[PDB]
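S.K.: I'd like to ask you about the structure that follows.
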Amino acid sequence: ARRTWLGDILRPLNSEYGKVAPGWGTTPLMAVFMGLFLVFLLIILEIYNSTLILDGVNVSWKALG
Amino acid sequence: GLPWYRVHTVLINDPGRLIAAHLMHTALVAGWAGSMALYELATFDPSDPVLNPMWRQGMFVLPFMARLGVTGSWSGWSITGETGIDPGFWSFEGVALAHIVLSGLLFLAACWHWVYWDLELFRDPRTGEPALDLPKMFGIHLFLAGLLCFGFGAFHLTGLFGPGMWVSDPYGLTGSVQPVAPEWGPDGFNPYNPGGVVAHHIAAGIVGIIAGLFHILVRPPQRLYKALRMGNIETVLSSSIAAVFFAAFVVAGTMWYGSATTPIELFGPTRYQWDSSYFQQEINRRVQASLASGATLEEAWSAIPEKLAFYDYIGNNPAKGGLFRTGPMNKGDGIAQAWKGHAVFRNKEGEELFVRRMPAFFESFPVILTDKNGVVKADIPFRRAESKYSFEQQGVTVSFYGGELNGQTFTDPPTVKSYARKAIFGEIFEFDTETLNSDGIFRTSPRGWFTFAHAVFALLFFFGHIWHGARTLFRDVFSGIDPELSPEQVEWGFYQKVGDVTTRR
Amino acid sequence: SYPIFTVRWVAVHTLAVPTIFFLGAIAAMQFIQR
Amino acid sequence: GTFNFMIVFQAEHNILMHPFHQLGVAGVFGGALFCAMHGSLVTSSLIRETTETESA
Amino acid sequence: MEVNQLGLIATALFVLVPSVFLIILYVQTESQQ
Amino acid sequence: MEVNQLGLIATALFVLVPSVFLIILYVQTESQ
Amino acid sequence: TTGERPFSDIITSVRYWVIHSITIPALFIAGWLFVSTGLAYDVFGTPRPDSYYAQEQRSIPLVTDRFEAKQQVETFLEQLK
Amino acid sequence: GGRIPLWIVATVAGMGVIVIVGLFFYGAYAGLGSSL
Amino acid sequence: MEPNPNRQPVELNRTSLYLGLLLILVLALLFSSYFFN
Amino acid sequence: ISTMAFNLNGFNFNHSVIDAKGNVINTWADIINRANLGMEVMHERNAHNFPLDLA
Amino acid sequence: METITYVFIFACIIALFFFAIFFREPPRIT
Amino acid sequence: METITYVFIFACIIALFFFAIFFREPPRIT
Amino acid sequence: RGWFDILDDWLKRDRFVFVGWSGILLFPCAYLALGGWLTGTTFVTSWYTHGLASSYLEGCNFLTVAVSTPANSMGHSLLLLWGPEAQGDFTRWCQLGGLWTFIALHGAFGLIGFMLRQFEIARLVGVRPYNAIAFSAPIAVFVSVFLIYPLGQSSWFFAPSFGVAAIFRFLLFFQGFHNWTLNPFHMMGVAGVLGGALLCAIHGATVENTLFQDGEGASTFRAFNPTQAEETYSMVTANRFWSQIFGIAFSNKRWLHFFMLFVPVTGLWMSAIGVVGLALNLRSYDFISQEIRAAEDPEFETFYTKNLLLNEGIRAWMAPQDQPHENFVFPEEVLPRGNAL
Amino acid sequence: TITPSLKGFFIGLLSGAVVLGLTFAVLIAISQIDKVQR
Amino acid sequence: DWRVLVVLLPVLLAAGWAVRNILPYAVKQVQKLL
Ligand code: CLA
Ligand code: CLA
Ligand code: CLA
Ligand code: CLA
Ligand code: CLA
Ligand SMILES: C=Cc1c(C)c2cc3nc(c4c5[nH]c(cc6nc(cc1[nH]2)C(C)=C6CC)c(C)c5C(=O)[C@@H]4C(=O)OC)[C@@H](CCC(=O)OC/C=C(\C)CCC[C@H](C)CCC[C@H](C)CCCC(C)C)[C@@H]3C
Ligand SMILES: CC1=C(/C=C/C(C)=C/C=C/C(C)=C/C=C/C=C(C)/C=C/C=C(C)/C=C/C2=C(C)CCCC2(C)C)C(C)(C)CCC1
Ligand SMILES: CC1=C(/C=C/C(C)=C/C=C/C(C)=C/C=C/C=C(C)/C=C/C=C(C)/C=C/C2=C(C)CCCC2(C)C)C(C)(C)CCC1
Ligand code: OEY
Ligand SMILES: [Cl-]
Ligand SMILES: [Cl-]
Ligand SMILES: [Fe+2]
C-alpha cells in the first residue's frame with residue numbers, strides 16, 4: 001500500500017480498529033444521558049404542542065416582539 | 001455477476017474509493033446548489049418585495065441564502081428593496097460561484113482518491129487488511145461538528161464575526177438580517193424565539209466538543225461493539241439514515257407550522273395563519289384604532305400597508321396548491337400589482353354584510369353573506385326559482401376603502417357579485433395574468449413544496465433505515481439460512497430459551 | 001404435573017375476563033329504551 | 001369512467017354499507033396481506049446456495 | 001389542448017433514460033457468455 | 001427569445017440517441 | 001410441546017367448569033349492572049336519551065375552545081340542570 | 001382430566017353465542033337504535 | 001500499485017430487461033397525463 | 001354488484017338513533033348519507049325530470 | 001403531440017409483449 | 001431553456017476532453 | 001451471569017406466546033390500543049366533539065360505532081390525560097376525544113413493538129428478516145394516514161375515526177375534497193393491493209392443481225410431510241401451463257415468492273406517499289388543460305368533468321354536518337343540484 | 001413559574017416512571033425464580 | 001358511589017370462588033419453583 005506524508009501523520013488515528021473496553025464499560029452512564037435527553041426532547045415537544053405551558057413562553061409568531 | 005441493485009457494494013471494503021464516491025456526491029450537491037442559484041437569479045424579479053416577493057416567484061435556494069444573511073446582488077439590488085448597495089464578494093452571485101468552484105475542486109480530489117485507493121492509512125497495521133476504526137472516526141467527526149456548530153452560533157448568528165440571520169416582526173413586514181443575542185432562559189426553547197437558535201448552537205456545540213473528546217479517548221464497551229456490529233460500516237449507514245429521517249421530519253414540521261428559522265417573507269405564510277385569520281385580526285386591530293383615533297373609513301383603510309393586506313389572501317395560503325400545478329404561484333393567479341381596497345358589502349337596509357371566507361379544504365366554495373351575528377342575509381343562488389337571498393332581491397352593494405378602488409361604490413348586481421366571488425379569497429388584488437399567461441389556478445409556495453419533499457424523503461429513508469439495519473444484524477444469513485439448520489432448534493420446547501442450544505432438557 | 005398459572009394463563013384472562021364483562025354490558029343495552 | 005361508476009353506485013346502493021362489498025375488501029386486503037406474508041416467509045427461509053455477490 | 005409544453009420532453013426522458021440504462025446492462029451481460 | 005420549443009426536444013434527442021448507441025457498443029466491447 | 005397444559009384437556013376438566021360456571025356469569029352480571037345501574041353513563045360522560053339537547057334546544061353542545069373545553073362541557077351540562 | 005366430552009362443550013358454547021348474537025339482532029329492532 | 005481487487009462484473013438478464021422496460025413504459029403511460037396536465 | 005343490480009342495497013341506518021324527545025342523533029351513517037345525497041343530486045344532472053331516481 | 005405520445009408508449013408496450021413471449025429466455029430443466 | 005442547452009452541451013465537451021486525455025486507452029508498444 | 005442476562009433468559013424462553021424484549025413495548029401498547037377501541041365503541045360518545053352518537057350504549061351497532069377524533073378546536077394536542085385540556089378528569093378526557101390520541105399513539109408504539117418482535121424472533125430462529133421488512137408497508141400506511149395527514153391539516157379532527165362507517169366517511173371525504181381516485185400514487189396502491197390478491201389466488205390455485213400424487217387418498221392434503229425434501233407440486237408443469245395459457249410464466253420459485261412480497265408492499269408504500277401529499281392539500285385534483293377547454297367550450301364533457309360535479313355535490317351536502325365547528329349554513333338555494341333531484 | 005401544566009408534566013413523568021420500574025421489578029424477580037438450567 | 005359495589009361484588013365472588021377451588025394446586029406449583 002502507498003505511504004504518504006499525510007498518511008503517516010494520521011496513522012495513529014486509524015490504528016485501534018477493534019479495541020473495546022471490557023464488559024459493559026460506560027453503558028450505565030450512556031443510559032443516563034439517554035434518559036435525560038428523552039425528557040428534554042419531551043419538554044421541547046410539549047412546549048411546541050402547547051401541552052407544556054410556561055410563564056413567559058408565548059409559542060406564537062407574536063414572540064418576535 | 002452483481003445485480004444492478006448492488007453495484008455500489010464494491011466500496012464496502014475500499015475506504016479510498018468510498019471517499020472518492022463521497023467526494024463525487026459532495027461535488028454534485030455543491031454543483032446543484034450553484035446551478036440552482038444561478039437559474040434563480042436569471043429568473044428572479046427584485047423590483048417588488050411587497051407584492052412580488054421571492055416566495056411568489058418559486059424561488060427555492062434564494063431564501064436560504066437570505067436566511068443566513070446574503071441579501072444583495074452584484075447588480076446593485078437587494079431583497080429588502082434598497083438600491084445602491086455593494087454586497088462585496090458574498091453576493092448571491094458570489095455564493096453561487098463559490099459552490100461551483102467547490103464542486104470543481106471536489107471533482108478532482110475524487111479522481112485522485114479513486115486512482116490512489118491503496119493508501120497505507122486505510123490498512124490495519126496488525127493484519128494488513130483494510131479497516132476503519134469507526135468509534136474513533138465518530139469522536140473525531142463529532143468533535144469537528146461541535147466546533148463548527150459552536151462557531152456558527154458564537155460568531156455567525158451573533159454578529160461577533162458575521163452577519164446574523166433573518167428576523168422580522170410578528171406580521172412579516174420589516175424583515176432584515178440582524179445579529180441575534182442568545183436567549184438562555186426557557187423561552188429559548190420557543191420555536192418562534194430567534195435567540196433560542198443562537199443559544200442552541202452555542203450550547204449544543206460545546207456538548208459536541210465534549211462528546212467528541214469522550215468518543216476519541218474512550219473505547220466502546222465490548223457488549224455494545226458486538227450488539228451494534230461496530231466493526232461493520234453498515235451499522236453506521238443504518239444509524240446515520242435513522243438520524244437523517246428524524247431531522248427531515250423535524251424540518252418538514254417547522255416549515256409547515258413555522259418557526260423563527262422559516263420566516264414568512266422568505267417562504268410565505270403558513271396555512272394556519274389563514275385558519276386562524278392571523279392577518280385579518282391585526283388588520284382590523286389597525287382600522288379599529290385608526291377610527292377610534294378620529295380617522296375616516298377611507299383613512300383607516302388607506303393606512304393598511306399593501307404588504308399586510310396581501311397576507312390576508314388565500315392565494316398565498318400554501319394549502320391551496322396541487323401536486324401537478326407546477327411553477328411559481330404567479331403562474332396561477334398572476335403577478336400581484338395592487339391592492340384594490342377593502343370591500344364592504346351592504347344590503348338595502350344598510351346592514352354591513354360579511355363574505356364567508358373559503359376554507360383551505362375547498363377547491364370551490366359558495367358565496368354566502370352574513371351579518372355581524374352570523375345570520376345569512378344574501379348569497380349567490382344555484383337554483384333561482386325559489387331563491388330568496390339573491391343580491392338582486394337584497395339590493396347588495398359593495399364599497400371600497402383604501403387601495404386602488406378607495407371611495408368607490410358599485411350597485412350593479414353582476415359587478416357586486418363579482419367582487420363577492422373574490423372576497424371569499426380574503427382581500428382583493430389586481431393581478432397581471434398576461435405576462436406569464438397565468439391560468440388562474442392556485443399553486444403552492446416554497447413552504448409547501450419544501451414540506452412535501454422532505455416529509456416524503458423522510459418516510460422513504462425510514463425504509464432505508466430498516467433495510468440497512470436488518471442487513472447489519474443479519475449479515476450472516478443475507479444469502480440464505482444455514483442449510484443444516486436442524487428441526488430441533490425450530491420445533492417447540494426443545495430448548496428452554498429460543499435459539500440457545502445450551503438450554504435443552 | 002402442569003403449571004396452572006403461566007404467561008399463557010395471564011394473556012388468556014387479560015382478554016377473556018373483560019370480554020364477558022363487556023358482553024354482559026352490551027346485553028343489558030338491548031333493553032334500554034328512549 | 002370507472003370512478004364515475006363507483007361514485008354513482010355508492011349513492012344509489014350505499015355499497016360501502018353492504019356486507020358483500022365488505023367481504024370483497026376483506027378478500028382483497030386479506031389477499032394482499034397473505035401474498036406479502038407468504039412471499040416474505042418463503043423468502044426469509046431460503047436455503048443458502050449463493051454468495052453475497054449474486055442474486056439469491 | 002392547452003397542455004404543458006414540457007410534458008413531452010419530460011415524458012420522453014422519463015422513458016428514454018431509465019430504458020437506455022437497462023439496455024446497456026443487458027447487452028454487455030450477453031457479450032460475456 | 002421566441003424560439004421553437006420543439007428545438008429543445010430535437011436537440012435533446014439528437015444528442016441522446018446516437019450517444020446511447022455508442023455507449024452500448026463500447027460497454028459490451030469492454031465486457032468481452 | 002411448550003409445557004403448558006393443553007387447552008383441549010382444560011375445558012373438558014371438571015375442575016375447570018366448576019370455577020368458570022361461576023366466574024363467567026359473575027362477569028356477565030357484573031357488566032350488566034355497570035349498565036343497568038347507570039354507572040357507565042356517569043363514568044364515561046355519555047349522554048342519556050334525555051340529555052343530548054335541552055328541551056327546546058336543537059344546538060349541538062360542541063366544544064369550541066382548547067384549554068377552556070372542560071369548562072364548556074360543564075356549562076353545557078348545567079344548561080340541562 | 002377429560003370428563004366432559006368435547007362435542008358437548010362445543011354445542012353448549014355454540015348455542016351460547018347464537019343466544020347472545022341473537023339478542024343483539026333483536027335489539028336492532030327494539031329500543032335504542034331501532035328508528036322508533 | 002496493484003489493480004483494484006474489489007472490481008466486480010455486473011449482470012442484467014433478459015427477463016430483468018423485459019420486467020424493467022415494462023415497469024418504465026407503464027410508469028410513463030401512467031404519469032404522462034399528469035406531466036401534460 | 002349482482003344483487004344490488006336488483007336494488008337490494010347496503011344497510012340503511014339513516015336516523016336510526018333518536019333521543020327521548022325524538023330528535024335525531026346523527027351517527028357516522030348519517031354523515032355517509034349526506035355524502036351519498038351530494039352524489040345523488042349531481043349525477044346526470046340533466047337526465048331526471050321527476051323527483052325519484054328509480055333506476 | 002400528447003395523443004402521439006400516449007399511443008407511442010402503448011405501442012411500445014405491445015411490442016414488448018411480443019418479445020417477452022416469443023423471445024423469452026427459454027426455461028431449461030435442472 | 002436555449003441558453004441552458006447550449007451551456008450544457010459545451011460543458012459535456014469539456015468533460016469529454018478530460019476523459020480523453022487522462023482516461024485514454026494508453027498507447028503501448030506491442 | 002448478571003441480572004440483565006437472567007432477564008434475557010426469561011424473556012426469550014420458548015412458551016406458548018413468546019415474549020422477548022420487544023414484548024415489553026408490544027404487549028402493553030397493543031392491549032391498550034385494542035382495549036381503548038373496545039371501551040370507546042361500547043361506552044363513549046362523540047356528541048361534544050362531532051355531534052354524533054358512536055357507542056353501543058347510545059344505540060349504535062357494529063357498523064356505526066367508532067372512537068371519533070377530537071374536536072377541531074383541540075388542534076394537534078397530545079390530549080394527555082394529565083394535560084391542560086382534560087386536567088386529569090377521566091370523564092372529560094373521554095368526552096373531548098382523549099381516547100382517539102390514546103389509541104393512535106399506543107397503536108403506533110405497538111406497531112413498532114410488533115416489528116421489533118419480527119426482528120427479535122427472526123434473529124433467535126436464524127431466518128432472514130424479510131417478514132419484518134414487509135411489515136414496513138402497514139406501518140407506512142398507518143403513520144401516513146393517522147398521523148402525518150392530520151398533522152398537515154388543521155387538527156386531529158380530520159384524521160380517520162376508528163370505526164367502520166367512520167372510515168367509509170373518510171373514503172368519501174377524500175373523493176369529494178381531494179379527488180383521491182385521480183391520484184397516481186393511489187392508483188399504484190390499487191394495483192399493488194389487487195395485484196397482490198391476484199398473486200395470492202393464482203399462486204395458491206397453481207400449487208393446488210400441479211400437485212404430485214404422493215398419496216392414495218382423494219384428500220391430497222394428507223400426502224404432504226413438512227420435512228420432506230421434495231417439492232410438493234410441479235414447477236415444470238405449472239410453467240408449461242401458464243406459458244401456454246398466458247404466454248409467460250415464472251420459472252424461478254425464489255423470484256416468484258420475492259415478487260409476492262414486492263408487489264403489495266410497494267403498492268402500500270406508494271399510496272402512503274400520496275397521502276403525505278394530501279396532508280398539504282397537495283392533490284391531483286385537476287387536469288388544467290381540460291378545465292381551460294371546458295370553461296370555453298360548454299359542449300365539451302368528459303368523465304373527468306362529470307366526476308368533479310359529483311365531488312362538488314359531496315362537499316356542499318356533507319360539509320355542514322361533517323365539519324360542525326365551521327358553522328356552515330348553506331340555505332337551500334345555494335346547494336348544487338341537477339334537475340328534479 | 002411553576003404552572004399547572006408543568007405540574008401535570010411531572011405527574012406524567014412520575015407515572016411513567018412508576019409503571020416502567022414496577023414492570024421491571026416484576027420482570028427481574030420472575031426471571032430469578034424461574035431460570036433456565038443449562 | 002354504591003353502584004360500584006353492585007358491579008364489583010360478583011367479580012369478587014368469582015375471584016373468591018376460584019381462589020378456593022384452586023388454592024391447593026396453586027401451592028404445589030409454587031413449591032416446585034425451588
Ligand atoms: C438542553 C440543555 C440545557 C442547558 C445547557 C441549559 C442551560 C441553562 N439554563 Mg435552561 N432549560 C433546559 C435545558 C437546558 N438549559 C430545559 C429543557 C428547560 C425546561 C424549559 C430549561 C429551563 C430553564 C429555566 C427556567 C432557566 C434555565 C436557566 C439556564 C442557565 C443556567 C442557570 C443556572 O445557573 O442554574 C443552573 C443550571 C444548570 C446547572 C443547567 C440547567 C438546569 C435546568 C435546566 C434549569 C435550572 C433552573 C433554575 C434553578 C431556575 C432559576 C430561576 C428561577 C427564578 C425560576 C443556562 C444558560 C436559567 C436562566 O438562565 O435564567 C433565564 C433559568 O431560570 N433553563
Ligand atoms: C427538495 C427538492 C426541491 C424542491 C422542494 C424544489 C421546489 C421548487 N422548485 Mg426546484 N429543483 C430541484 C429540487 C427542488 N425544487 C432540483 C433537484 C432541480 C433540478 C432538477 C430543480 C429545478 C427546478 C427548476 C428548473 C424549477 C424549479 C422550480 C421550483 C418550484 C416549483 C416546483 C414544482 O412545480 O414542482 C412540481 C413537482 C411535481 C410535479 C412532482 C414531481 C414528482 C413526481 C410526481 C414523482 C415521480 C414518481 C416516481 C416515478 C414513482 C415511482 C416509484 C415506484 C415505481 C417504486 C418550487 C419552489 C420552478 C420554479 O418556479 O423556479 C423558478 C422551476 O422552474 N426547480
Ligand atoms: C445515505 C444513503 C444511502 C446510502 C449510502 C445507501 C447505500 C447502499 N444501499 Mg441503501 N437505501 C437508502 C439510502 C442509502 N443507501 C434509502 C433511503 C433506501 C430506501 C429507498 C435504501 C434502500 C436500499 C435497498 C432496497 C438496497 C440498498 C442497497 C444499498 C447498497 C447498494 C446500492 C446500489 O448499488 O444502488 C444501485 C442503484 C442504482 C444502479 C440505480 C438506482 C436508481 C434510483 C432508483 C433512482 C435514482 C434517483 C436519483 C439518483 C436521485 C437521488 C436521490 C435523491 C434522494 C437525492 C449500498 C450500500 C442494496 C443492498 O443492500 O445491496 C446489498 C439494496 O438491495 N438500499
Ligand atoms: C379502501 C377502499 C376500498 C377497497 C379496498 C375496495 C375494494 C373493492 N371494491 Mg370498492 N369502493 C370503494 C372503496 C374501496 N373498494 C369506495 C369508496 C366506493 C364508492 C365510491 C366503492 C365502490 C365500489 C363499486 C361500485 C365496485 C367496487 C368493487 C370493488 C372490488 C374491486 C376489485 C375487483 O372487482 O376485482 C375483480 C376483478 C376484476 C373486476 C377484473 C376481471 C378481469 C378480467 C376477467 C380480465 C381483464 C383482461 C384485461 C382487459 C387485459 C389484460 C391482459 C394484458 C395483456 C393487457 C374490491 C373488492 C367492484 C366490485 O365488487 O366488482 C365486482 C365494484 O363494482 N367498489
Ligand atoms: C410500557 C409501554 C407503554 C408505552 C410506550 C406508553 C406510551 C404512552 N402512553 Mg401509556 N400506559 C402504559 C404503558 C405504556 N404507555 C401502561 C402500562 C398503562 C396503565 C397504567 C398506561 C396508561 C396510559 C394512560 C392513561 C395514558 C398513557 C399515555 C401514553 C402516552 C404518553 C406517555 C408519557 O407522556 O410519558 C411520560 C413519562 C415518561 C416518558 C417516563 C420516562 C421515565 C424516565 C426515563 C424516568 C423518570 C424517573 C423519575 C422522574 C425519577 C424519580 C422521581 C423522584 C420523586 C424520586 C404514550 C403514547 C397517555 C396518552 O395516551 O395520552 C393520550 C395517557 O393519557 N398511557
Ligand atoms: C385493514 C387491513 C389490514 C389489517 C386489519 C391488517 C392486520 C394485520 N396485519 C398483520 C400483519 C401483517 N400485515 C402485512 C401486510 C399487509 N397488511 C395489510 C392490511 C392489513 N393488515 C396489507 C394490505 C398488507 C399487504 C402489504 C404483513 C407482511 C404482516 C405481518 O407479518 C403481520 C402478521 O403476523 O400477519 C399475519 C397483523 C399484525 C398484528 C399486530 O400488529 O398485532 C399487534 C397489534 C397492535 C400493535 C395494535 C395496533 C392497533 C391499531 C394500529 C390501531 C387500533 C385499531 C383498533 C383497535 C381497531 C379499529 C378498527 C376500526 C377502524 C374498524 C394484523 C393481523
Ligand atoms: C472542473 C473544474 C471546475 C468546474 C466545475 C464545474 C463547471 C462544475 C459544475 C457542476 C454542476 C453544474 C453540477 C450540477 C449538478 C446537478 C445535479 C447533481 C442535479 C441533480 C438533479 C436531480 C437529482 C434531480 C432529480 C429529480 C428530478 C429530475 C425530477 C424531480 C424529482 C427529482 C428532484 C428527484 C472549476 C473551474 C470550478 C475548478 C477546476 C475544475
Ligand atoms: C382504555 C383505558 C384503559 C384500558 C382499557 C382496557 C385495556 C380495556 C379492555 C377491554 C376489552 C378487552 C374488552 C373486550 C370486549 C369484547 C367484546 C365486546 C367482544 C365481543 C365479540 C363478539 C360479539 C363476538 C361474536 C361473534 C360474532 C358477532 C360473529 C363471529 C363469531 C363471534 C362469536 C366472534 C385503562 C384502564 C388503562 C385506563 C385508560 C383508558
Ligand atoms: O344512477 Mn341515477 O339511476 Ca342508474 O339511471 Mn337513474 O340516474 Mn341514471 O343513468 Mn346512469 O344513473
Ligand atoms: Cl354522473
Ligand atoms: Cl326521470
Ligand atoms: Fe408458495
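Numbering starts fresh at 1 for the residues of each chain in the C-alpha cells, the chains themselves are lettered A, B, ... in the order given, and ligands are numbered from 1 as they appear.
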Give chain K as an mmCIF file with C-alpha atoms, in the first residue's frame once it has been least-squares superposed onto chain L over every C-alpha atom, paired in order.

M.R.:
data_model
loop_
_atom_site.group_PDB
_atom_site.id
_atom_site.type_symbol
_atom_site.label_atom_id
_atom_site.label_comp_id
_atom_site.auth_asym_id
_atom_site.auth_seq_id
_atom_site.Cartn_x
_atom_site.Cartn_y
_atom_site.Cartn_z
ATOM 1 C CA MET K 1 -33.957 27.157 -21.868
ATOM 2 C CA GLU K 2 -31.914 27.587 -25.080
ATOM 3 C CA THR K 3 -29.066 29.136 -23.106
ATOM 4 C CA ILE K 4 -29.100 26.247 -20.650
ATOM 5 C CA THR K 5 -28.966 23.790 -23.561
ATOM 6 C CA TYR K 6 -26.047 25.401 -25.351
ATOM 7 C CA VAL K 7 -23.952 25.663 -22.198
ATOM 8 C CA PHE K 8 -24.797 22.125 -21.165
ATOM 9 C CA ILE K 9 -23.533 20.692 -24.427
ATOM 10 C CA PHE K 10 -20.361 22.772 -24.255
ATOM 11 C CA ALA K 11 -19.868 21.607 -20.667
ATOM 12 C CA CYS K 12 -20.204 17.964 -21.779
ATOM 13 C CA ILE K 13 -17.586 18.473 -24.467
ATOM 14 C CA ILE K 14 -15.199 19.909 -21.883
ATOM 15 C CA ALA K 15 -15.672 16.953 -19.583
ATOM 16 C CA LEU K 16 -15.228 14.622 -22.574
ATOM 17 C CA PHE K 17 -11.844 16.296 -23.189
ATOM 18 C CA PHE K 18 -10.936 15.456 -19.597
ATOM 19 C CA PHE K 19 -11.559 11.754 -20.070
ATOM 20 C CA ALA K 20 -10.118 11.518 -23.531
ATOM 21 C CA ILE K 21 -6.811 12.869 -22.241
ATOM 22 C CA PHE K 22 -6.416 11.522 -18.747
ATOM 23 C CA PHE K 23 -8.459 8.309 -19.148
ATOM 24 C CA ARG K 24 -7.404 7.332 -22.616
ATOM 25 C CA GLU K 25 -6.671 3.777 -23.580
ATOM 26 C CA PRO K 26 -2.907 3.988 -22.948
ATOM 27 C CA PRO K 27 -0.865 3.263 -26.067
ATOM 28 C CA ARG K 28 1.230 0.113 -25.636
ATOM 29 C CA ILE K 29 4.284 -0.937 -27.670
ATOM 30 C CA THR K 30 4.498 -3.981 -30.037
#

S.K.: Would you list the contacts of residue J:32 as a ChimeraX atom specification, taking every protein, DNA or RNA residue within 8 Å and counting only C-alpha atoms, but skipping same-chain residues closer than 3 positions in sequence?

M.R.: /J:28-29,35-36 /M:165,168-169,172,318

S.K.: Kindly save the residues from that selection, with N, CA and C atoms included, as a PDB file, in the first residue's frame.

M.R.:
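again22.pdb was written with the following content:
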ATOM      1  N   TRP J  28     -72.260   8.241  12.288  1.00  0.00           N
ATOM      2  CA  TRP J  28     -71.462   8.246  11.084  1.00  0.00           C
ATOM      3  C   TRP J  28     -72.263   7.767   9.873  1.00  0.00           C
ATOM      4  N   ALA J  29     -73.230   6.846  10.057  1.00  0.00           N
ATOM      5  CA  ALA J  29     -74.126   6.504   8.946  1.00  0.00           C
ATOM      6  C   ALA J  29     -74.847   7.726   8.399  1.00  0.00           C
ATOM      7  N   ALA J  35     -73.061  12.558   2.223  1.00  0.00           N
ATOM      8  CA  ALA J  35     -72.223  12.421   1.042  1.00  0.00           C
ATOM      9  C   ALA J  35     -72.996  11.755  -0.108  1.00  0.00           C
ATOM     10  N   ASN J  36     -73.638  10.624   0.163  1.00  0.00           N
ATOM     11  CA  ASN J  36     -74.469   9.971  -0.855  1.00  0.00           C
ATOM     12  C   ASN J  36     -75.462  10.935  -1.481  1.00  0.00           C
TER      13      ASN J  36
ATOM     14  N   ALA M 165     -68.094   2.618   9.735  1.00  0.00           N
ATOM     15  CA  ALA M 165     -68.758   3.639   8.938  1.00  0.00           C
ATOM     16  C   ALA M 165     -67.979   4.949   8.933  1.00  0.00           C
ATOM     17  N   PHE M 168     -65.621   4.566   6.190  1.00  0.00           N
ATOM     18  CA  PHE M 168     -66.380   4.777   4.958  1.00  0.00           C
ATOM     19  C   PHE M 168     -66.544   6.274   4.693  1.00  0.00           C
ATOM     20  N   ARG M 169     -66.952   7.045   5.701  1.00  0.00           N
ATOM     21  CA  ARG M 169     -66.993   8.503   5.557  1.00  0.00           C
ATOM     22  C   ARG M 169     -65.620   9.096   5.175  1.00  0.00           C
ATOM     23  N   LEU M 172     -65.079   8.796   1.523  1.00  0.00           N
ATOM     24  CA  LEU M 172     -65.884   9.650   0.670  1.00  0.00           C
ATOM     25  C   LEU M 172     -65.438  11.106   0.786  1.00  0.00           C
ATOM     26  N   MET M 318     -72.270  17.309   2.410  1.00  0.00           N
ATOM     27  CA  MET M 318     -71.773  16.762   3.675  1.00  0.00           C
ATOM     28  C   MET M 318     -71.076  17.773   4.598  1.00  0.00           C
TER      29      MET M 318
END

S.K.: Determine which residues of chain E DSSP labels as alpha helix (DSSP H) from the backbone of this structure, then write them out as a ChimeraX atom specification.

M.R.: /E:6-30

S.K.: Taking only C-alpha atoms into account and nothing else, which residues of chain B lie no more than 12 Å away from chain D? Please answer as a list in words.

M.R.: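 Residues passing the distance filter: residues 1, 2, 3, 4, 5, 6, 7, 8, 9, 10, 470, 471, 474, 475, 476, 477, 478, 479, 480, 481, 482, 483, 484, 485 and 490 of chain B.
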
S.K.: Can you pull out every residue with an atom within 6 Å of ligand 2? Use only C-alpha atoms and all ligand atoms and format it as a list in words.

M.R.: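 Residues satisfying the distance criterion: residues 40, 57, 58, 59, 60, 323, 324, 326, 327, 328, 446, 449, 450 and 453 of chain B.
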
S.K.: Keeping only N, CA and C atoms, write the selected residues as a PDB file, in the first residue's frame.

M.R.:
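Ended up saving to out_19.pdb:
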ATOM      1  N   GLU B  40     -32.021  30.692 -10.496  1.00  0.00           N
ATOM      2  CA  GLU B  40     -32.965  31.522  -9.764  1.00  0.00           C
ATOM      3  C   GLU B  40     -32.674  32.984 -10.020  1.00  0.00           C
ATOM      4  N   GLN B  57     -42.449  33.768  -6.589  1.00  0.00           N
ATOM      5  CA  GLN B  57     -41.715  33.528  -7.800  1.00  0.00           C
ATOM      6  C   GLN B  57     -41.100  32.135  -7.857  1.00  0.00           C
ATOM      7  N   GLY B  58     -41.445  31.262  -6.933  1.00  0.00           N
ATOM      8  CA  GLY B  58     -40.932  29.904  -6.948  1.00  0.00           C
ATOM      9  C   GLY B  58     -39.449  29.819  -6.689  1.00  0.00           C
ATOM     10  N   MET B  59     -38.930  30.775  -5.939  1.00  0.00           N
ATOM     11  CA  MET B  59     -37.541  30.774  -5.519  1.00  0.00           C
ATOM     12  C   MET B  59     -37.362  29.790  -4.381  1.00  0.00           C
ATOM     13  N   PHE B  60     -36.380  28.938  -4.517  1.00  0.00           N
ATOM     14  CA  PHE B  60     -36.185  27.854  -3.570  1.00  0.00           C
ATOM     15  C   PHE B  60     -34.880  27.950  -2.799  1.00  0.00           C
ATOM     16  N   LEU B 323     -50.512  19.025  -6.689  1.00  0.00           N
ATOM     17  CA  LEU B 323     -49.279  18.305  -6.966  1.00  0.00           C
ATOM     18  C   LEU B 323     -48.711  18.594  -8.343  1.00  0.00           C
ATOM     19  N   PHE B 324     -49.568  18.715  -9.341  1.00  0.00           N
ATOM     20  CA  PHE B 324     -49.068  18.792 -10.700  1.00  0.00           C
ATOM     21  C   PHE B 324     -49.269  20.160 -11.301  1.00  0.00           C
ATOM     22  N   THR B 326     -47.614  23.205 -11.542  1.00  0.00           N
ATOM     23  CA  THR B 326     -46.188  23.423 -11.426  1.00  0.00           C
ATOM     24  C   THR B 326     -45.858  24.919 -11.418  1.00  0.00           C
ATOM     25  N   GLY B 327     -44.699  25.221 -10.910  1.00  0.00           N
ATOM     26  CA  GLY B 327     -44.121  26.518 -11.106  1.00  0.00           C
ATOM     27  C   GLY B 327     -44.466  27.489 -10.010  1.00  0.00           C
ATOM     28  N   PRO B 328     -44.231  28.764 -10.296  1.00  0.00           N
ATOM     29  CA  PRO B 328     -44.409  29.800  -9.285  1.00  0.00           C
ATOM     30  C   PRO B 328     -45.872  30.105  -9.069  1.00  0.00           C
ATOM     31  N   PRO B 446     -43.107  27.798  -1.782  1.00  0.00           N
ATOM     32  CA  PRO B 446     -41.904  27.079  -1.354  1.00  0.00           C
ATOM     33  C   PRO B 446     -42.069  26.472  -0.020  1.00  0.00           C
ATOM     34  N   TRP B 449     -43.871  23.203  -1.093  1.00  0.00           N
ATOM     35  CA  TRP B 449     -43.032  22.257  -1.819  1.00  0.00           C
ATOM     36  C   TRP B 449     -41.943  21.680  -0.949  1.00  0.00           C
ATOM     37  N   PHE B 450     -41.357  22.506  -0.074  1.00  0.00           N
ATOM     38  CA  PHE B 450     -40.279  22.003   0.753  1.00  0.00           C
ATOM     39  C   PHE B 450     -40.823  21.008   1.773  1.00  0.00           C
ATOM     40  N   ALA B 453     -41.642  17.569  -0.101  1.00  0.00           N
ATOM     41  CA  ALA B 453     -40.443  16.809  -0.444  1.00  0.00           C
ATOM     42  C   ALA B 453     -39.776  16.207   0.783  1.00  0.00           C
TER      43      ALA B 453
END
